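The form deposited in one PDB entry is given below as one chain in structure tokens.
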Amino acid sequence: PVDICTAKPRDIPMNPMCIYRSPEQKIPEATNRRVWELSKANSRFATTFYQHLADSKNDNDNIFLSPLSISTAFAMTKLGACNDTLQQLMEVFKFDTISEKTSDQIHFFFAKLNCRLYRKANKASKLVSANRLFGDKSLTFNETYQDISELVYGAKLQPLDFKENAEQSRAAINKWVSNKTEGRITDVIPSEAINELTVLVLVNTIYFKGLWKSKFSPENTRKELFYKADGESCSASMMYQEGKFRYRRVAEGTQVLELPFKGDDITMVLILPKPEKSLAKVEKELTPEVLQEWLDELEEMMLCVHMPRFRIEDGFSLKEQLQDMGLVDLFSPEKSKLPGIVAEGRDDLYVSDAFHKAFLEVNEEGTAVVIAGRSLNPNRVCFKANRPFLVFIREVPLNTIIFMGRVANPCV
């Protein structure tokens, strides 16, 4: 058997059909440098992408996505891309910065990055996903590309009958995503998004619910108002607890909190601006550089946390955003170049759409209820998220942004 999580680049040949060439922080412990430069590229992508997404939604809309899952998905098209289609992919996803070798086997190193993240979150936490590319059956796909796809992406491109059965193919895709995630993620693809001209569709969905390292007791949960950005109140279920947490009050009174999941390797980071400063302002003024700086400066202390329990199920087409960021030729029937995906003959292949959907569930649990005693451990500070705040889910050592979002409305 071939273990991609232990195997090395040479163990199995999987070079792309085309390659590309364009004209400090300490490296984490026990980490491959290429997986690391890859993780840093995704963070640069997440910044630009989140920005476009926010400036396309309503300040009062929640957001939740996995830039990591998106970058991985488009690294699979990159595998068979050439010319301007490939260049655009590289520049938009920030792959045009990393080194040659990392760039050429990017799909492989993404598997490597993912292997590491999958086994860390599932130790105790809940991290399931369902990713796949679907092509119209009338086409003849490159078998070598298939073998590489199944090895490095979990599954190979799935042929469907879009020309004669668009709705049924639509239903099969939603049913398949739902199956792979035990009913957690449904209706990834909205009706109308798939018709008889569909040829290739990208689908990447991800779910999570980590077991809190220190959970909230339900008996301390109660309704309380939550002040949304528009100006309206809102009855939300506010959880509460006291414990030791990494905290920090930064510039302009913005508060940063880190709530770790069991294991400590994966944590949630909350950014809460002062009642005066809008979330939108922090969304624009924040970069990976400043975030890493805040995360570096956090101090551990006893404090109280008031946090609403919430649910965010955000799904959407990636097409418009990405084109707006410069990924154009990939979605164009006339200009697209993805020779590596199809067998030899002559291809007019291009991506019809790309869909993402991520689901985050947060409650008291995240088995015996724990208690801590009556010793004197005063709350130094108190973090009350009764207004819009940002959310990040990351892998500590590598600082990999796994999920990112905004809780603009938790109530009903």
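Position 1 is the first residue in the sequence shown; the rest follow in order. What we label the rigid core is the largest C-alpha set whose atoms superpose within 1.5 Å from one form to the other.
The form deposited in another entry is left out here; the points below concern that form.
Original post:
Can you tell which of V177, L257, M90, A73 moves its Cα by 2 Å or more between this form and the one not shown, with the two forms laid on the rigid core?
Top reply: Of all the options, the C-alpha that shifts by at least 2 Å belongs to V177.
Original post:
By the 2 angstroms cut-off, has the C-alpha of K123 moved between this form and the one not shown once the rigid core is superposed?
Top reply: Where the cores coincide, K123 still shows a C-alpha shift between this form and the one not shown that is 2 Å or more.
**OP:** Classify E344 as shifted (yes) or not shifted (no) between this form and the one not shown, where shifted means its C-alpha moves by 2 Å or more with the rigid core superposed.
**Re:** Indeed, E344 is displaced by 2 Å or more.
Subject >> Threshold 2 Å Cα movement between this form and the one not shown at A193, rigid core reference >> reply: True for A193: a C-alpha shift of 2 Å or more.
Subject >> Distance direction in the other entry for the C-alpha atoms of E219 and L376, relative to the displayed form (3 angstroms or more) >> reply: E219 and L376 sit closer together in the other entry.
Original post:
Compared with this form, is the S375-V305 Cα separation smaller or larger in the other entry, the difference being 3 Å or more?
Top reply: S375 and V305 sit closer together in the other entry.
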